[PDB]
Structure formats: structure tokens, C-alpha cells
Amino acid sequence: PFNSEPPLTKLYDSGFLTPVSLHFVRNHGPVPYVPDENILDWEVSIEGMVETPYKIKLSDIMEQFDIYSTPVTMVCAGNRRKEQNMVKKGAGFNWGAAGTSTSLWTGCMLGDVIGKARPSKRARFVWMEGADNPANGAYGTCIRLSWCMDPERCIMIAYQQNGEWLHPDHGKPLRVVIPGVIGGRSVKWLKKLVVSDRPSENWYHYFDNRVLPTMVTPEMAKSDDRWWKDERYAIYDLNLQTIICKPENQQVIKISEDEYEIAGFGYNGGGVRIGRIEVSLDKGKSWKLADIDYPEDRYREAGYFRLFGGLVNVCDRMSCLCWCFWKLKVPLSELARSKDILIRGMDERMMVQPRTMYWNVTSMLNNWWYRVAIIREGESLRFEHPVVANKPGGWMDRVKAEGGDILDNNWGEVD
């Protein structure tokens, strides 16, 4: 496999729409390389439990279906994996907190494409299969049929990203983009859509992209395949995340009468808005309400307009399919009396991020509170994120050097 993660500061600083060059990459195997001259002839087959199976070329999609341009936040299931790895080593690429990127995606509605084949009333799922050939054969997975037909979910088949034709690494020439759901279901190099009454039976649907129960050890999961065949553990909708980006790791700030603007981003699954983002400087004893900016709502408020030949119709939805940004000003004098900054979000289902880590075999969907340690050094404060992408230098490295237990009630820090 191949994985690349943008620097957290660069991701935040780029703002609501991440440049294509910075978008994170996750490939299970070799990328199928498709030359520009072959793009328009790329063919997808629609089959299974449908009245009228058909095949369609990209050029035909572009001419025959309504075209949309939609901002969507993509998130890898493995985001924040390194934090879990610090607690107990496991398999998988050690993502920091920047395994997410947000783009305008241009293409057709998957529901329109499937609708044309007329799915059976007994159908429940749409299987998706890619043209790639990683170690265990073609990558494939699935999504609920009803979600494809739901305008609030805006599931797309995209052929442009921020108005550019897709790069090989991002699925050239065609991929599914599934908002509010882990990147694992957004199948790249799309070849086949199969309408079914049951989930995918693809190897990658079983043995990846699952949050196994916490008490299942890696040895149990290796020795008993049944752990990977219970749909209750398959990841679809994202869980709620909030990340601190300012102050930056190892940032040093002089203590003064000035306020400092703590800041970051949040995202969530299933189109459910994050209703509140709260910060604590006293280890969760009291919480302060951050100001949230939802840039997607600006697109919602603009009504209908076109970008890259596609209709922007955020205005037709109430869902939140993109990340939001948050800010909170605090006096430096208060930070100087604090040992850490914690952030947590609660959504419009009144579900909140947990205090407690949920360690699991694939170390996926790690959404316990993100913590930035505060170290006072003379008349200045220095700040430490939990982990750094690809290097030491976070508070978890320090706590391990101190002999501490990161899972204890004080994050392994002394008293």
C-alpha cells in the first residue's frame, strides 16, 4: 500500500478547500495508470438486482446525466492511528491528525446512475469494485442503496476534483465520492456497480475498515475470521472529531496580557452538524464554548450557481457534508496556569466525543479528546501535540520517556 498525509499546519492554513497537491492519498496497492487519451472511453457496468443492466462510458455520463459540483470532506478511517500506536503497537500506517482533505467534486449522482437500471424492491446495497489489483485482488466494498437515493447524502460518481481532471492517485478517470462516510467506501478507478440484497463479499470489505470490539486482541482477530464478518463493526458514517491546529506543535509563546486564539477544525459523519465545540484548560472540570464557522453554509446560502460545468446545489440540502473551523480566544495568563488544552465536539444528536480511548485492532476511528500539553519555560509557554507525523516530538513521546501510562486518568502525565 501507499499512504501520504499533508502537514497538519499546511492543511489548516490552506483553509476550507484543500489544494489537490496536498490532498491525503491512500492506495491499497498499485495505482492503475490511465493515459489522458483513454479517459472518455472508460466504461462502468451497472448490474445485479436491476430490471435493465447497462454499461456506460465516461463521455456518455457527462452528456446524459445532470452534473453537480459539491464540496465534500474526505476522511481516512485510519486518521489519528498514531495516537493508538503509542499506547499499543499495531499494524497500519501511523496517521497523525491530517488524514482528511476537502475538495469540490464534480460529476453525476450515483442514485441517478443506479435509478436508470431500475433496482429490485428487494435490493438493499450497491457494491462498488475498482480496476486496481492489490494483494488480495480487486478492491471492492459497498454502500446502502437507500443512501444512494437520498439527496441529503449527495453520493456522487466524480471525474473532477477542484475542477481538475482526477489524478491517478485520486482515482483517474472516475471514482465514487461518498460524503459523511470513511474514504474506504469512496471506490477509486470505478469499474462495476452491482445492486444486491446483502453487503459486499469482497476480501477488502471484510478484512479492512472495521472497528472491532475493544476486547478482541490482534491474535483473536488473526485466528478467527468471524470477527470480520459481522456488519455491526463495518465502518460507514464517520464519528465526530475535533482537532487543535493552533497553537502548533513546539510553538513557543511569550506570557503577556495578550489573548491567544486557540483554533482548529472538526468533522462528523452522516451529514449531522457539529452543534458545539468546547475547550477545557482544567482537565475537563470546566469547558469554554468555541466560535464555529461552517463555510459550507456559505455555499448553502448562495442558491444555485455553476462551478466547472456542474450545478452547486448545497442550497437544496440541510446536511453538513464538510468540516467546520473553530476559534476561541483565551488570556495567555490563563494558559500559563494550565497544563493542557482539550477539545471535544457534540453533534445535533447530542452525541459527544469520549474521554476514554477505544483501542481496537485496526486502530481506526480514534476519536477520544485531542490534547495539547502546555509546558511553562521561564516567561514562555511551549505546546505539544500528542504525536507528530513521521517523527517523535509530541507529548505521547515525552510521556513514554517519563515511564507514564497514556491510558490513565491523567494521560500518563505526572499527578
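The numbering used is simple: start at 1 and walk along the sequence shown.
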Out of 353 to 361 and 41 to 49, which one has CA B-factors that are higher on average in the deposited record?
41 to 49
On average, are the C-alpha B-factors higher in 378 to 386 or in 31 to 39?
31 to 39
Sorting 334, 278, 291, 237 by Cα temperature factor from the record, which one lands on top?
334
Between 297, 258, 340, 83, which carries the biggest CA temperature factor in the record?
258
So where's residue 74 on the chain's Cα temperature factor ranking, which third?
lowest
Lowest, middle or highest third of the chain for the C-alpha temperature factor of residue 163?
middle
Thinking about Cα B factors across the chain, which third does residue 119 belong to?
highest
Which third of the chain holds residue 209 when residues are ordered by C-alpha B factor: lowest, middle or highest?
middle
According to the PDB entry, is the CA B factor of residue 65 in the bottom, middle or top third of its chain, that is, lowest, middle or highest?
highest
